[PDB]
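One chain follows as structure tokens, the form deposited in one PDB entry.
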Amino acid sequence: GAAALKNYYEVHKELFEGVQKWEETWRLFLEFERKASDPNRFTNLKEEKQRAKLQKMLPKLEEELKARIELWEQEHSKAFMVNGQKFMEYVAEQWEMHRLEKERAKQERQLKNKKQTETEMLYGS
């Protein structure tokens, strides 16, 4: 009845609050990531302590949220979806895209530097 329905909605509101906290923390983390990774910074800051803080928070927020989501899904036989996706899959996707983006930026610089030496040798005077 109404007791069980209160619990449904209260726990679900809690899941959404965890989602919003995770997203906040993630987007702040990515801002510091961009600054820390900026090529311009050599010719452009205890923001490392802060960057590191957000970094340590994230997996803790994820483990807590993961446990609550699963509890709620099992009890109510429903998938917990956010913006059309199981939220923890969205979380994993975000991390891997970030990881891959970081690699791809390194790789582009690598290939660019390599072609620069190639072209300087083939056509240089």
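Heads up, when I say rigid core I mean the largest set of C-alphas that superpose within 1.5 Å between the two forms. Position 1 is the first residue in the sequence shown; the rest follow in order.
Gap check for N83 to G84: zero deposited residues are absent from the model. Between 35-43 and 88-96, the higher mean Cα B-factor belongs to 35-43. Mean CA B-factor, 104-112 versus 6-14: the higher value falls on 104-112. Ranked by Cα temperature factor within the chain, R27 sits in the lowest third according to the deposited record.
When the modelled residues of the chain are ordered by C-alpha B-factor, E62 sits in the lowest third.
Note that the form deposited in another entry isn't included here; everything after this is about it.
Positional change of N113 between the shown form and the other one reaches 2 Å or more at the C-alpha, relative to the superposed core.
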